[PDB]
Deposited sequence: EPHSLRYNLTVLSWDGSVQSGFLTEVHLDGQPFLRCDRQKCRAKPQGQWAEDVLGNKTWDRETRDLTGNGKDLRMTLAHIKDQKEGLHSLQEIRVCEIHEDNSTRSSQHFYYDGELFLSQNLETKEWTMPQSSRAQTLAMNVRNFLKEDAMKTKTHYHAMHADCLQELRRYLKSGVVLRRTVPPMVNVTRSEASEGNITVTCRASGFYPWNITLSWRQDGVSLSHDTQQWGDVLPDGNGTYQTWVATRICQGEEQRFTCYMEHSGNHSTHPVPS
């Protein structure tokens, strides 16, 4: 289950002058989350979703920081020169996703009157101009100023919302446990069990000397319902003498994997 957070800040400038107002569009995991004034953040669908659980958090912390960046961009715009007559806008879309990889990505993009003219990879800080060119000056304008004023928080936030239950994570890792069935001549029966996981597509299987056992050598348990809406299942094969050293159970679930050996 991948996740992402995106804030869309828009700012206006009428004939050079920069308006006092501005707005932020926030989408959590690709869904309308909040909308923010200069003095308020209103929850959206997911906005409420959350609203219940914690109460109001999609208020304070947020509204505070968003306004700031707003007032900040307000300047960033004021800064640009060739402000032709009319109503114009400058948008800064900060994006950041958390891939299955558990790996991260966080960028930020700038648009003039809707046209993307400059973007940057917040992680590696690489600037980039799209397929057009003369937006360069604009890009330069912005770029420079940004630097001048100089003379994390997204993912921070994403992680937060995530961990705080704002978004209902929908994947539960299984519990693997290898057990042996004391034995005689045909020898023992090691059994690999996976429980309490969700969703249902899981991969259980034994491996002797690294190589996967054939479908037959092992016995399979159906994928059945387990605790709190989870599932559970199992796999076993007949091991001989003291050869467990070579046997290992392998399990895969929604992209995650792990190997378990035979107890002593």
In sequence order, name the stretches of the deposited sequence that have no C-alpha in these coordinates. 152 to 161
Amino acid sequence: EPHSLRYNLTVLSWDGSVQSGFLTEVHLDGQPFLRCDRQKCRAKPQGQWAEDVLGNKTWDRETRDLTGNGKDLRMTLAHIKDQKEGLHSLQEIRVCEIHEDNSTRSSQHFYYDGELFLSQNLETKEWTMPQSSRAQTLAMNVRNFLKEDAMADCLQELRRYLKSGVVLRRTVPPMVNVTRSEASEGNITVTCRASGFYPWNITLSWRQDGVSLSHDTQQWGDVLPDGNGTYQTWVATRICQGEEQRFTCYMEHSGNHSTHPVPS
From here on, numbers count along this sequence of modelled residues.
Between 51 to 59 and 214 to 222 (mean CA B-factor, as deposited), the higher: 51 to 59
Report the stretch with the higher mean CA temperature factor, choosing between 186 to 194 and 112 to 120 on the basis of the entry. 186 to 194
Residue with maximal Cα B-factor (values as given in the PDB entry) among 168, 75, 176, 154: 154
If you check the C-alpha B-factor for each of 138, 172, 150, 162 in the entry, which is highest? 150
By the entry's values, the third containing the CA B factor of residue 82 is the highest
Compare the C-alpha B factor of residue 8 with those of the other modelled residues in its chain, then answer lowest, middle or highest third. middle
Ranking every modelled residue in this chain by its Cα temperature factor as given in the entry, which third contains residue 66? highest
Could you tell me which third, lowest, middle or highest, the C-alpha B-factor of residue 199 occupies within its chain? lowest
Sorting the chain's modelled residues by C-alpha B-factor, tell me whether residue 15 ends up in the lowest, middle or highest third. middle
